[PDB]
Amino acid sequence: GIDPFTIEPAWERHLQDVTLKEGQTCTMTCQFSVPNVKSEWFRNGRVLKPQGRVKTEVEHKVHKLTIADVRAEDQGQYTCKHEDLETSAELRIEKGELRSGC
């Protein structure tokens with residue numbers, strides 16, 4: 001028969017929409033079927049570069065975006081794209097005092 005034991009690129013777990021308060025470290029993850037491959041990150045359409053708060057990590061299949069001490073400006077629907085295949089999630093900073101304090 002077929003039995004595809006080989007793993008063709010797939011966005012099996014799409015980027016997840018994270019909502020948090022400022023100052024927290026973010027980690028937006030997504031599962032790209034291919035082991036140890038890199039991808040281009042986009043924040044609101046813009047190519048994301050791991051500068052300052054941002055760190056671009058990659059696991060076996062899952063790709064992660066680490067953002068230490070996030071701000072409301074660190075939002076911007078993140079898209080993890082590997083050439084052809086892409087995924088996206090809206091990053092949301094909630095925020096302030098009401099329902100976002102202690």
# chains A, B, ... in the order shown; residues from 1 in each chain; ligands from 1
>>> residues_around(residues="region 15-21 of chain A", least_positions_apart="5", cutoff="6 Å", atoms="only C-alpha atoms", output="list in words")
residues 29, 30, 87, 88, 89, 90, 91, 92, 93, 94 and 95 of chain A
>>> residues_around(residues="residue 86 (chain A)", least_positions_apart="6", cutoff="12 Å", atoms="only C-alpha atoms", output="JSON, numbers by chain")
{"A": [9, 10, 11, 12, 13, 14, 15, 30, 31, 32, 39, 40, 41, 42, 45, 63, 78, 79, 80]}
>>> closest_residue(among="A:22, A:65, A:60, A:4", to="residue 43 (chain A)", atoms="only C-alpha atoms")
A:65
>>> closest_residue(among="A:53, A:3, A:36, A:46", to="residue 67 (chain A)", atoms="only C-alpha atoms")
A:53
>>> select_by_dssp(residues="chain A", states="strand (DSSP E or B)", output="PDB file with N, CA, C and O atoms, in the first residue's frame")
ATOM      1  N   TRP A  11       1.387  21.840   8.549  1.00  0.00           N
ATOM      2  CA  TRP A  11       1.067  22.629   9.725  1.00  0.00           C
ATOM      3  C   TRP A  11      -0.032  21.939  10.509  1.00  0.00           C
ATOM      4  O   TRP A  11      -1.223  22.202  10.333  1.00  0.00           O
ATOM      5  N   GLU A  12       0.399  21.060  11.397  1.00  0.00           N
ATOM      6  CA  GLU A  12      -0.502  20.175  12.109  1.00  0.00           C
ATOM      7  C   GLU A  12      -1.055  20.872  13.343  1.00  0.00           C
ATOM      8  O   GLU A  12      -2.248  20.795  13.634  1.00  0.00           O
ATOM      9  N   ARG A  13      -0.187  21.567  14.054  1.00  0.00           N
ATOM     10  CA  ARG A  13      -0.615  22.423  15.140  1.00  0.00           C
ATOM     11  C   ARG A  13      -0.310  23.864  14.768  1.00  0.00           C
ATOM     12  O   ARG A  13       0.849  24.274  14.738  1.00  0.00           O
ATOM     13  N   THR A  19      -2.827  35.355  24.934  1.00  0.00           N
ATOM     14  CA  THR A  19      -3.227  36.592  25.591  1.00  0.00           C
ATOM     15  C   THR A  19      -2.562  36.695  26.962  1.00  0.00           C
ATOM     16  O   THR A  19      -2.683  35.783  27.783  1.00  0.00           O
ATOM     17  N   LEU A  20      -1.858  37.794  27.209  1.00  0.00           N
ATOM     18  CA  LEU A  20      -1.078  37.939  28.431  1.00  0.00           C
ATOM     19  C   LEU A  20      -0.949  39.401  28.827  1.00  0.00           C
ATOM     20  O   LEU A  20      -1.395  40.292  28.105  1.00  0.00           O
ATOM     21  N   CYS A  26       6.652  35.643  26.565  1.00  0.00           N
ATOM     22  CA  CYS A  26       5.749  34.939  25.673  1.00  0.00           C
ATOM     23  C   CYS A  26       6.468  33.778  25.001  1.00  0.00           C
ATOM     24  O   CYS A  26       7.687  33.813  24.829  1.00  0.00           O
ATOM     25  N   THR A  27       5.724  32.742  24.657  1.00  0.00           N
ATOM     26  CA  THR A  27       6.260  31.653  23.868  1.00  0.00           C
ATOM     27  C   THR A  27       5.181  31.094  22.958  1.00  0.00           C
ATOM     28  O   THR A  27       4.422  30.199  23.342  1.00  0.00           O
ATOM     29  N   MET A  28       5.099  31.648  21.761  1.00  0.00           N
ATOM     30  CA  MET A  28       4.114  31.210  20.786  1.00  0.00           C
ATOM     31  C   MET A  28       4.644  30.007  20.025  1.00  0.00           C
ATOM     32  O   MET A  28       5.670  30.095  19.357  1.00  0.00           O
ATOM     33  N   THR A  29       3.959  28.883  20.138  1.00  0.00           N
ATOM     34  CA  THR A  29       4.437  27.654  19.545  1.00  0.00           C
ATOM     35  C   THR A  29       3.525  27.171  18.416  1.00  0.00           C
ATOM     36  O   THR A  29       2.332  27.480  18.386  1.00  0.00           O
ATOM     37  N   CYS A  30       4.113  26.432  17.483  1.00  0.00           N
ATOM     38  CA  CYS A  30       3.385  25.829  16.370  1.00  0.00           C
ATOM     39  C   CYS A  30       4.116  24.575  15.900  1.00  0.00           C
ATOM     40  O   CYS A  30       5.337  24.546  15.906  1.00  0.00           O
ATOM     41  N   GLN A  31       3.385  23.552  15.480  1.00  0.00           N
ATOM     42  CA  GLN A  31       4.002  22.265  15.164  1.00  0.00           C
ATOM     43  C   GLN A  31       4.111  22.055  13.657  1.00  0.00           C
ATOM     44  O   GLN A  31       3.118  21.772  12.982  1.00  0.00           O
ATOM     45  N   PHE A  32       5.329  22.207  13.144  1.00  0.00           N
ATOM     46  CA  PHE A  32       5.620  21.967  11.739  1.00  0.00           C
ATOM     47  C   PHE A  32       6.242  20.593  11.595  1.00  0.00           C
ATOM     48  O   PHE A  32       7.309  20.348  12.126  1.00  0.00           O
ATOM     49  N   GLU A  40      10.550  31.477   8.552  1.00  0.00           N
ATOM     50  CA  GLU A  40      10.516  32.918   8.686  1.00  0.00           C
ATOM     51  C   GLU A  40       9.329  33.336   9.516  1.00  0.00           C
ATOM     52  O   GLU A  40       8.190  32.934   9.264  1.00  0.00           O
ATOM     53  N   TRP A  41       9.616  34.120  10.527  1.00  0.00           N
ATOM     54  CA  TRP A  41       8.593  34.623  11.416  1.00  0.00           C
ATOM     55  C   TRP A  41       8.111  35.977  10.945  1.00  0.00           C
ATOM     56  O   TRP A  41       8.893  36.798  10.475  1.00  0.00           O
ATOM     57  N   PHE A  42       6.819  36.192  11.053  1.00  0.00           N
ATOM     58  CA  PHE A  42       6.218  37.459  10.678  1.00  0.00           C
ATOM     59  C   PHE A  42       5.346  37.982  11.805  1.00  0.00           C
ATOM     60  O   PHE A  42       4.582  37.230  12.406  1.00  0.00           O
ATOM     61  N   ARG A  43       5.478  39.262  12.097  1.00  0.00           N
ATOM     62  CA  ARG A  43       4.615  39.923  13.055  1.00  0.00           C
ATOM     63  C   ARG A  43       3.827  41.015  12.347  1.00  0.00           C
ATOM     64  O   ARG A  43       4.386  42.040  11.951  1.00  0.00           O
ATOM     65  N   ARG A  46       5.126  41.741   8.953  1.00  0.00           N
ATOM     66  CA  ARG A  46       6.518  42.178   8.943  1.00  0.00           C
ATOM     67  C   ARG A  46       7.454  41.056   9.381  1.00  0.00           C
ATOM     68  O   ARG A  46       7.180  40.374  10.366  1.00  0.00           O
ATOM     69  N   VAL A  47       8.550  40.865   8.645  1.00  0.00           N
ATOM     70  CA  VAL A  47       9.549  39.860   9.005  1.00  0.00           C
ATOM     71  C   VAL A  47      10.099  40.118  10.393  1.00  0.00           C
ATOM     72  O   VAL A  47      10.662  41.179  10.674  1.00  0.00           O
ATOM     73  N   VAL A  54      12.632  39.574  21.570  1.00  0.00           N
ATOM     74  CA  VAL A  54      12.233  38.473  20.713  1.00  0.00           C
ATOM     75  C   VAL A  54      13.350  37.448  20.551  1.00  0.00           C
ATOM     76  O   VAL A  54      14.515  37.799  20.348  1.00  0.00           O
ATOM     77  N   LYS A  55      12.976  36.186  20.658  1.00  0.00           N
ATOM     78  CA  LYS A  55      13.868  35.079  20.388  1.00  0.00           C
ATOM     79  C   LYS A  55      13.145  34.050  19.545  1.00  0.00           C
ATOM     80  O   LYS A  55      12.015  33.667  19.848  1.00  0.00           O
ATOM     81  N   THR A  56      13.791  33.613  18.494  1.00  0.00           N
ATOM     82  CA  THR A  56      13.191  32.656  17.582  1.00  0.00           C
ATOM     83  C   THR A  56      13.756  31.264  17.834  1.00  0.00           C
ATOM     84  O   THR A  56      14.934  31.005  17.592  1.00  0.00           O
ATOM     85  N   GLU A  57      12.921  30.370  18.332  1.00  0.00           N
ATOM     86  CA  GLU A  57      13.373  29.033  18.673  1.00  0.00           C
ATOM     87  C   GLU A  57      12.709  27.986  17.798  1.00  0.00           C
ATOM     88  O   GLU A  57      11.606  28.185  17.286  1.00  0.00           O
ATOM     89  N   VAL A  58      13.386  26.869  17.641  1.00  0.00           N
ATOM     90  CA  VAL A  58      12.854  25.762  16.883  1.00  0.00           C
ATOM     91  C   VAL A  58      13.191  24.435  17.553  1.00  0.00           C
ATOM     92  O   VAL A  58      14.343  24.159  17.891  1.00  0.00           O
ATOM     93  N   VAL A  62       7.990  21.452  16.379  1.00  0.00           N
ATOM     94  CA  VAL A  62       7.382  22.703  16.796  1.00  0.00           C
ATOM     95  C   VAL A  62       8.370  23.864  16.731  1.00  0.00           C
ATOM     96  O   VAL A  62       9.562  23.721  16.993  1.00  0.00           O
ATOM     97  N   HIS A  63       7.846  25.007  16.336  1.00  0.00           N
ATOM     98  CA  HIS A  63       8.606  26.242  16.244  1.00  0.00           C
ATOM     99  C   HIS A  63       8.082  27.194  17.302  1.00  0.00           C
ATOM    100  O   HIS A  63       6.871  27.283  17.501  1.00  0.00           O
ATOM    101  N   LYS A  64       8.969  27.893  17.985  1.00  0.00           N
ATOM    102  CA  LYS A  64       8.552  28.718  19.103  1.00  0.00           C
ATOM    103  C   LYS A  64       9.012  30.153  18.929  1.00  0.00           C
ATOM    104  O   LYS A  64      10.041  30.425  18.308  1.00  0.00           O
ATOM    105  N   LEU A  65       8.243  31.058  19.489  1.00  0.00           N
ATOM    106  CA  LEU A  65       8.608  32.459  19.522  1.00  0.00           C
ATOM    107  C   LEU A  65       8.625  32.931  20.965  1.00  0.00           C
ATOM    108  O   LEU A  65       7.577  33.024  21.606  1.00  0.00           O
ATOM    109  N   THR A  66       9.805  33.225  21.470  1.00  0.00           N
ATOM    110  CA  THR A  66       9.954  33.654  22.850  1.00  0.00           C
ATOM    111  C   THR A  66      10.094  35.156  22.926  1.00  0.00           C
ATOM    112  O   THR A  66      10.943  35.740  22.263  1.00  0.00           O
ATOM    113  N   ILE A  67       9.243  35.786  23.712  1.00  0.00           N
ATOM    114  CA  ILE A  67       9.285  37.222  23.835  1.00  0.00           C
ATOM    115  C   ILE A  67       9.327  37.628  25.299  1.00  0.00           C
ATOM    116  O   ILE A  67       8.304  37.634  25.973  1.00  0.00           O
ATOM    117  N   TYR A  78       1.203  36.819  14.598  1.00  0.00           N
ATOM    118  CA  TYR A  78       2.426  36.129  14.254  1.00  0.00           C
ATOM    119  C   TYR A  78       2.152  35.036  13.258  1.00  0.00           C
ATOM    120  O   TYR A  78       1.200  34.271  13.392  1.00  0.00           O
ATOM    121  N   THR A  79       2.990  34.988  12.257  1.00  0.00           N
ATOM    122  CA  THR A  79       2.882  34.006  11.215  1.00  0.00           C
ATOM    123  C   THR A  79       4.200  33.258  11.074  1.00  0.00           C
ATOM    124  O   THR A  79       5.246  33.859  10.836  1.00  0.00           O
ATOM    125  N   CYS A  80       4.143  31.954  11.262  1.00  0.00           N
ATOM    126  CA  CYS A  80       5.310  31.114  11.109  1.00  0.00           C
ATOM    127  C   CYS A  80       5.257  30.457   9.744  1.00  0.00           C
ATOM    128  O   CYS A  80       4.416  29.594   9.493  1.00  0.00           O
ATOM    129  N   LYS A  81       6.123  30.892   8.847  1.00  0.00           N
ATOM    130  CA  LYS A  81       6.072  30.428   7.476  1.00  0.00           C
ATOM    131  C   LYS A  81       7.355  29.706   7.087  1.00  0.00           C
ATOM    132  O   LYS A  81       8.456  30.204   7.316  1.00  0.00           O
ATOM    133  N   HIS A  82       7.206  28.527   6.514  1.00  0.00           N
ATOM    134  CA  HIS A  82       8.332  27.809   5.947  1.00  0.00           C
ATOM    135  C   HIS A  82       8.160  27.738   4.443  1.00  0.00           C
ATOM    136  O   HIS A  82       7.659  26.747   3.911  1.00  0.00           O
ATOM    137  N   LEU A  85       4.364  26.633   3.257  1.00  0.00           N
ATOM    138  CA  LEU A  85       3.392  26.527   4.332  1.00  0.00           C
ATOM    139  C   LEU A  85       3.570  27.625   5.365  1.00  0.00           C
ATOM    140  O   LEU A  85       4.689  27.989   5.720  1.00  0.00           O
ATOM    141  N   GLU A  86       2.454  28.123   5.865  1.00  0.00           N
ATOM    142  CA  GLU A  86       2.462  29.168   6.870  1.00  0.00           C
ATOM    143  C   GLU A  86       1.379  28.928   7.909  1.00  0.00           C
ATOM    144  O   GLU A  86       0.438  28.171   7.675  1.00  0.00           O
ATOM    145  N   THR A  87       1.514  29.585   9.044  1.00  0.00           N
ATOM    146  CA  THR A  87       0.516  29.535  10.094  1.00  0.00           C
ATOM    147  C   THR A  87       0.477  30.877  10.802  1.00  0.00           C
ATOM    148  O   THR A  87       1.417  31.653  10.687  1.00  0.00           O
ATOM    149  N   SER A  88      -0.577  31.136  11.555  1.00  0.00           N
ATOM    150  CA  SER A  88      -0.768  32.454  12.150  1.00  0.00           C
ATOM    151  C   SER A  88      -1.583  32.403  13.431  1.00  0.00           C
ATOM    152  O   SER A  88      -2.461  31.552  13.597  1.00  0.00           O
ATOM    153  N   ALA A  89      -1.278  33.332  14.328  1.00  0.00           N
ATOM    154  CA  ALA A  89      -2.075  33.546  15.521  1.00  0.00           C
ATOM    155  C   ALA A  89      -1.974  34.990  15.969  1.00  0.00           C
ATOM    156  O   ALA A  89      -0.946  35.637  15.776  1.00  0.00           O
ATOM    157  N   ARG A  92      -2.069  38.792  21.862  1.00  0.00           N
ATOM    158  CA  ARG A  92      -2.858  39.808  22.530  1.00  0.00           C
ATOM    159  C   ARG A  92      -2.321  40.121  23.919  1.00  0.00           C
ATOM    160  O   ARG A  92      -2.194  39.246  24.772  1.00  0.00           O
ATOM    161  N   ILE A  93      -1.988  41.379  24.127  1.00  0.00           N
ATOM    162  CA  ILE A  93      -1.646  41.869  25.450  1.00  0.00           C
ATOM    163  C   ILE A  93      -2.918  42.460  26.048  1.00  0.00           C
ATOM    164  O   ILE A  93      -3.554  43.323  25.441  1.00  0.00           O
TER     165      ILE A  93
END
>>> atom_distance(atom1="CA of residue 76 (chain A)", atom2="CA of residue 97 (chain A)")
21.9 Å
>>> atom_distance(atom1="CA of residue 1 (chain A)", atom2="CA of residue 61 (chain A)")
26.1 Å
>>> atom_distance(atom1="CA of residue 44 (chain A)", atom2="CA of residue 84 (chain A)")
17.9 Å
>>> closest_residue(among="A:6, A:33, A:51, A:24", to="residue 72 (chain A)", atoms="only C-alpha atoms")
A:24
